[PDB]
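Colleague: Below is the structure I would like to discuss, written out as structure tokens.
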Amino acid sequence: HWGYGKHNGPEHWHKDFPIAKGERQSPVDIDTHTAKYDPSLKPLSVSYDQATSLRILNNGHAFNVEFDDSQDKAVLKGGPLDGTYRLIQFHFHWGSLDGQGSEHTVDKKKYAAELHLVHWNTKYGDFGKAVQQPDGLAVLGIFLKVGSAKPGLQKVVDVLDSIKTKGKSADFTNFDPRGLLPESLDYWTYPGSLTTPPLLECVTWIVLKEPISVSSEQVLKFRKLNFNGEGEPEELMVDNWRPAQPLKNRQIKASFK
Ligand SMILES: [Zn+2]
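Count the sequence shown with the deposited numbering and you get residues 4 to 125, 127 to 261, in order.
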């Protein structure tokens with residue numbers, strides 16, 4: 004099945020998921036010189052004080068930190084969005100080396116990693133229904149650069165030993181995702197897709213301009229994870245990123261001057 008090798012990676016996904024060659028695929032390169040400032044965009048409202056993390060899972064493609072999304076406890080609103088979007092999970096994409104790993108790029112610059120906070124539109129009732137709608141999801145994307153450690157990431161890093169291989173999970177309560185946000189909420193936005201199969205064109209992307217800094221040691225621990233299951237040949241979970249896709253008939257809008 005699909006993955007990030009030579010034989011099963013992004014360049015093959017279209018055979019099982021033809022929407023891979025669609026009109027609104029993600030990620031994309033963000034050309035900062037052609038993204039136009041849109042004064043009509045609102046400030047983003049990130050309301051994560053009541054968030055309830057539950058569990059962390061290695062799904063064979065990344066690790067997901069999962070939230071209780073049975074009520075409006077951690078929501079994203081404002082920005083480009085109409086209505087209320089509930090946080091369901093976050094995960095990352097990262098590289099084998101610090102010079103690649105992000106999905107979005109900025110003027111062709113690749114960051115070491117990218118965080119995706121995934122939220123679904125409450127008007128559709130559940131995640132599975134939301135992903136069938138063009139405005140079903142809002143994904144907040146945050147770039148990671150290597151420098152100073154991110155204190156608020158360390159709790160994540162230190163549990164990764166317990167979910168080394170595909171299908172392992174661990175309890176992961178009381179984690180506060182506010183500790184993963186940069187200072188500024190300035191953003192770019194465009195309409196796109198999930199970046200992994202099934203590649204559904206259901207996402208309003210909100211990509212923050214300001215990266216967070218993580219330490220080399222932190223990212224090194226991500227790279228100790230495995231794509232494989234327990235007692236299978238070890239294949240390090242690295243380079244779990246889809247490259248930039250054609251922008252096609254889209255515009256990327258900036259919330260800032
Ligand atoms: Zn992602």
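Note that CB positions come from ideal geometry on N, CA and C, so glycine has one too.
Is residue 24 near residue 17, with beta carbons less than 8 Å apart?
Modeller: In contact: residue 24 and residue 17 (Cβ atoms closer than 8 Å).
Colleague: With DSSP run on the structure shown, which of helix, strand or coil describes residue 17?
Modeller: It is helical.
Colleague: Taking the alpha-carbon positions, what's the residue 184 to residue 236 distance?
Modeller: Approximately 33 Å between the Cα atoms of the pair.
Colleague: Just confirm the distance between the C-beta atoms of residue 258 and residue 34, as a whole number of angstroms; I'd bet it's less than 8 Å.
Modeller: That pair is no contact at about 11 Å.
Colleague: Mind checking who residue 221 pairs with in its DSSP beta bridge?
Modeller: In DSSP, residue 221 forms no bridge with anything.
Colleague: Return yes when at least one heavy atom of ligand 1 lies under 7 Å from the C-beta of residue 119, else no.
Modeller: Flag set: Cβ of residue 119 near ligand 1.
Colleague: Could you check if residue 72 is buried or exposed, using at least 16 other CB atoms within 10 Å of its CB as the buried criterion?
Modeller: Residue 72 is buried by the Cβ-count criterion.
Colleague: Going by the beta-carbon positions, is the gap between residue 115 and residue 96 smaller than 8 Å?
Modeller: Not a contact, by the Cβ cut-off of 8 Å.
Colleague: Tell me the DSSP bridge mates of residue 89?
Modeller: BP columns for residue 89 point to 78 and 123.
Colleague: Between residue 107 and ligand 1, is the CB less than 7 Å from at least one heavy atom?
Modeller: Residue 107: no, Cβ never under 7 Å from ligand 1.
Colleague: State the CB to CB distance for the pair residue 59 and residue 68, rounded to an integer number of angstroms; the pair is presumed to be in contact (CB under 8 Å).
Modeller: With 8 Å as the limit, residue 59 and residue 68 qualify as a contact, their Cβ atoms being about 5 Å apart.
Colleague: Determine the direct distance from the alpha carbon of residue 207 to that of residue 143, and round the result to whole angstroms.
Modeller: Each residue's Cα considered, the two are about 7 Å apart.
Colleague: CB-CB under 6 Å to residue 260, same chain, minus the five flanking residues each way: which ones, in chain order?
Modeller: Correct list, in chain order: 190.
Colleague: Quick one: Cα of residue 77 to Cα of residue 121, how far?
Modeller: Residue 77 and residue 121: Cα-Cα distance of roughly 11 Å.
Colleague: Leaving out five residues on either side along the sequence, give the residues of the same chain with a beta carbon under 6 Å from the beta carbon of residue 103.
Modeller: Counting only Cβ-Cβ distances below 6 Å, and skipping sequence neighbours, we find 113.
Colleague: Relative to the C-alpha of residue 186, which residue among 202, 179 and 145 is closest?
Modeller: When only C-alpha atoms are compared, the closest one is 145.
Colleague: Work out the CA separation of residue 13 and residue 45 for me, nearest whole Å.
Modeller: Distance between the alpha carbons of residue 45 and residue 13: 34 Å.
Colleague: Is the distance from the Cβ of residue 75 to the Cβ of residue 125 below 8 Å?
Modeller: It is a contact, given that the beta carbons lie within the stated cut-off.
Colleague: Does the distance from the C-beta atom of residue 91 to that of residue 66 stay below 8 Å?
Modeller: Cβ distance not < 8 Å, so residue 91 and residue 66 don't count as in contact.
Colleague: Closer than 7 Å by C-beta to residue 147: which residues in its own chain qualify, once you throw out the five before and the five after it? Chain order, please.
Modeller: For residue 147, where only same-chain residues beyond five positions count, the Cβ hits under 7 Å are 105, 114, 117 and 215.
Colleague: Below 8 Å CB to CB, which residues in the same chain sit around residue 166 once its five sequence neighbours on both sides are set aside?
Modeller: Excluding positions up to five away in sequence, the list reads 172 and 174.
Colleague: Can you list the beta strand (DSSP E) stretches of 3 or more residues lying completely in the segment 129-194, in chain order?
Modeller: 141-150 and 173-175, all fully within the segment 129-194.
Colleague: Tell me which same chain residues have a C-beta within less than 8 Å of the C-beta of residue 88, skipping the five on either side of it?
Modeller: Cβ within range, chain order: 78, 79, 80, 122, 123, 124, 125, 141 and 142.
Colleague: Smallest Cα separation from residue 6: which of 101, 170, 152 and 83?
Modeller: Measuring from the Cα of residue 6, the nearest candidate turns out to be 170.
Colleague: Can you check the segment 198-260 for any beta strand (DSSP E) of at least 3 residues that lies completely inside it and give the ranges in chain order?
Modeller: Counting whole runs of 3 or more residues, the segment 198-260 contains the beta strand (DSSP E) stretches 207-212 and 216-218.
Colleague: Going by DSSP, what residue range makes up the beta strand (DSSP E) through residue 60?
Modeller: That run of the beta strand (DSSP E) goes 56-61.
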